[PDB]
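There is one chain below, alone, in structure tokens, taken in the form deposited in one PDB entry.
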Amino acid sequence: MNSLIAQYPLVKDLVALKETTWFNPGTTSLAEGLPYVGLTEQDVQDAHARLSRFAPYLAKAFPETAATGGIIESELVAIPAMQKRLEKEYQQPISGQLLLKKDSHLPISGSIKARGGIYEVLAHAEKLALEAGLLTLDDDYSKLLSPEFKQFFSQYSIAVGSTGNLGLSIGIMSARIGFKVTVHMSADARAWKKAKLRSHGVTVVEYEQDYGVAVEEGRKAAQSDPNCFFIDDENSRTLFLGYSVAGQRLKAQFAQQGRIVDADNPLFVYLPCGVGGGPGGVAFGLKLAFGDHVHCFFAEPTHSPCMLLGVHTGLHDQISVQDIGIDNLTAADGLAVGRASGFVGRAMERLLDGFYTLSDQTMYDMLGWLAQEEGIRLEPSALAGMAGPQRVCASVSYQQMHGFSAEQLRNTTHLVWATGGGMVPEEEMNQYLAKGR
């Protein structure tokens, strides 16, 4: 701990809550890193194909998706006005072009969890219906909307411990399928989230104290309860694969928009990081899409640097931020995770270029500037990636490490991955806007 600090001087900066940037000196080629992921392009394509089978279902189940034929995807937009504002405010040029991926605006649940969380639920539904002999892979999955199917899914239950987007996404999707669903939340969690889940028929259970203990107790009660599936965001490869679908979806958007990614036109992507499933899965999908020419960076609150700590020390989930005296208290509630994933750090470290932290105030400030400059309103967690471009462009050592020429830097695309905000009510959004400077 001080034993850690002695071996890893960077840990002093973390304990001091200093905004920190760590470039990974151990990245590898895609070919060299792939064996360690434990998943393949075929696994990723099976996820695309599964979401395709569900498209006719989703188009009917969630009519908000009818216009996209039941595909759950988000806009890729250019934010050059925000680019200029960031350059002005932090006095660091951003080379090339700044873009924003609006996972904050995915349909159904308005966050990145509309990828992994929804996918997990649909995969579970499909597996059950297939094993029951009620569905085949060639069926029109619209049939899952029937009263008979709703009865069938009601014979199984799903539970989540989440006060945020994971619970919102899993709850909404599971209730529509017809599972019995329970979301376990602290009593202090925002009313609008509980109202929303309840409006969808989700049972929201609240705990006035010992919430973390409550979730562990729920997870154990489910562990030996055969028809309850308690979501495990620390270990689920299915969540990870659901997120990874973003890689080819993004590649297709770049192609449509006429945007090149190659050795002479690198893509740098900046991904907010909680437990690591979301950014890790997205990063894996990106690497399969773009190979060595995409460079991914994870972004965490200074009060919650669990993945940076885990990868930097090589301890991964064997260490928590609380182990080094950091409080895990942050306005970035989607990122307030004290211990990294059970598998993402080891799976992905060879394929991740860097990890950095930013303070709550920095998130609030940028949140305001983005509303002012681009008219896009996000939750604080979804601004973590927005600091990334200037961390990278400021670092000569990173650039020399990878051998970027000034011309490559000029032709770089910087993509900030926005992860939530679209479903946040006006009141809460106004509160976020009031906190920036």
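The numbering used is simple: start at 1 and walk along the sequence shown. Superpose the two forms; the largest set of C-alphas matching within 1.5 Å is the rigid core.
- In this entry, 192-200 shows the higher mean Cα temperature factor of the pair 97-105 and 192-200.
- Averaged over Cα atoms, the B-factor as recorded in the entry is higher for 218-226 than for the other of 171-179 and 218-226.
- Residue-level inspection of the entry shows that, of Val44, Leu51, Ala394, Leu378, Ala394 has the top Cα B-factor.
- Of the residues listed, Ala371, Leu30, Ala384, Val37, the entry assigns the biggest Cα temperature factor to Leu30.
- Among the modelled residues of its chain, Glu126 has a C-alpha B-factor that falls in the lowest third according to the deposited record.
- Per-chain ranking of the deposited C-alpha B factor places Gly285 in the lowest third.
- Sort the modelled residues of the chain by CA B factor and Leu329 lands in the highest third.
- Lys88: CA B factor in the highest third of modelled residues in this chain (values from the PDB entry).
- Among the modelled residues of the chain, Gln256 sits in the lowest third by CA temperature factor in this PDB entry.
The same protein also exists as the form deposited in another entry; that form is not shown, yet it is the one meant from here on.
- Per-residue Cα shift between this form and the one not shown after core alignment stays below 2 Å for all of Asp264, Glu217, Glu89, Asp327 except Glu217.
- The Cα position of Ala189 differs by 2 Å or more between this form and the one not shown after fitting on the rigid core.
- Once both forms are fitted on their rigid core, the CA atom of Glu208 lies 2 Å or more apart between this form and the one not shown.
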